[PDB]
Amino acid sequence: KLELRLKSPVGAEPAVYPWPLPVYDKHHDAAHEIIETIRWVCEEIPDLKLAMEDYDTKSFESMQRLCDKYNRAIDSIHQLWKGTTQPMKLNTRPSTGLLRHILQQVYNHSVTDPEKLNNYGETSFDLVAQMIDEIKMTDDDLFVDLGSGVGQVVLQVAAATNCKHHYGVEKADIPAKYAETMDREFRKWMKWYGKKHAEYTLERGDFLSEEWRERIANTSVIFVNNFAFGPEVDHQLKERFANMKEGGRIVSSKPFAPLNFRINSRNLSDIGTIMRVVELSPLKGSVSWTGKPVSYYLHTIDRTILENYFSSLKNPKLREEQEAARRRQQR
């Protein structure tokens, strides 16, 4: 029983891999996970990168010499820390590049069958990363991913931001079950790298349920990939969003209200009356399964829109303007 071992840079339990090195799917195997782990820990620790400076991934001797060189380097770094040199971070967030590796790693050891996840740590990572950069979140924010799958988007945001809490709600059995493993693996691997994450919870359930009505209402930042949602589900969501607090934000792949929404007495009930909607900057060179560049939509709860409309009704000048417009429009 041959093995390959990688020591943790912060003294956690070693990562152990059986030889021959397992294959996860067509584009991921343990060999490259080992190589990627080594070189990301080198990015973590400059002295390590400085010492390390990796040939045949199908030779045991070649791979073992790679792991040995890494582990011996780690030992020297730990001795270096016992001296006058200050130890590593231990409370920092992972860089975007490292976080991508970690999530991929977590996915590799959680989802043993990527084939029964038949939908439509994927390469939405960069999309979500762009949103994390643009949508500012603080420690008073509550984050929710509506329909969170195996939970990778929640994990990514939780690793990146300092929201008070992050939630993922998932309805189906299989992804919710995998999410339990994703959760356990994530906490383990983040510790292995010595990286911090904000609080998060991956739950089972339906976000249309009566329980989630109040929960949505109290959420300050919602991510929902709703592009392929039918009109009934989207309508139900609009009803939920209507109870959100001022300044509450919804980021989605399909708008919940029109961008050029003009309020009148025919659309007084519509969600557009209480939110600003903008199309966010797309990420250069993206493209989705439809072959089009990905666009995102930011909704911000703002009830001054409605307030100002009601004020305008009290103004006789504005009133004539509105009423003359309506009659002209009906043509």
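Here, rigid core means the biggest group of C-alpha atoms that superpose within 1.5 Å across both forms. Note that residue numbering follows the sequence shown and begins at 1.
Take 123-131 and 96-104, fit the other structures onto the shown form by the rigid core, and average the C-alpha distances in 9 other deposited structures of this protein: the farther stretch is 123-131. Put simply, when the other structures in 9 other deposited structures of this protein are lined up on the rigid core, the C-alpha atoms of 23-31 lie farther off than those of the other stretch, from 270-278 and 23-31.
Residue-level annotation: residue 296 has coordinates in all of the other entries compared, counting only those that model residues on either side of it, so it never reaches the one-third mark. According to the PDB entry, the deposited sequence contains 4 to 9 residues between residue 53 and residue 54 that lack coordinates.
Stretch comparison (252-260 versus 205-213) by mean CA B-factor in the PDB entry places 205-213 on top.
Higher mean CA temperature factor, per the PDB entry, when comparing 104-112 with 223-231: 104-112. Highest C-alpha temperature factor among 177, 78, 188, 165, as the PDB entry reports it: 177. The PDB entry assigns the greatest CA B-factor among 62, 37, 273, 300 to 62. Looking at the C-alpha B-factors along this chain, the one for residue 70 belongs to the middle third. Placement of the Cα temperature factor of residue 85 within the chain: highest third of the modelled residues, per the deposited record. Annotation for residue 49: C-alpha temperature factor in the highest third relative to the rest of the modelled chain, per the entry. Among the modelled residues of the chain, residue 97 sits in the middle third by CA temperature factor in this PDB entry. Sorting the modelled residues of the chain by their CA temperature factor places residue 32 in the middle third.
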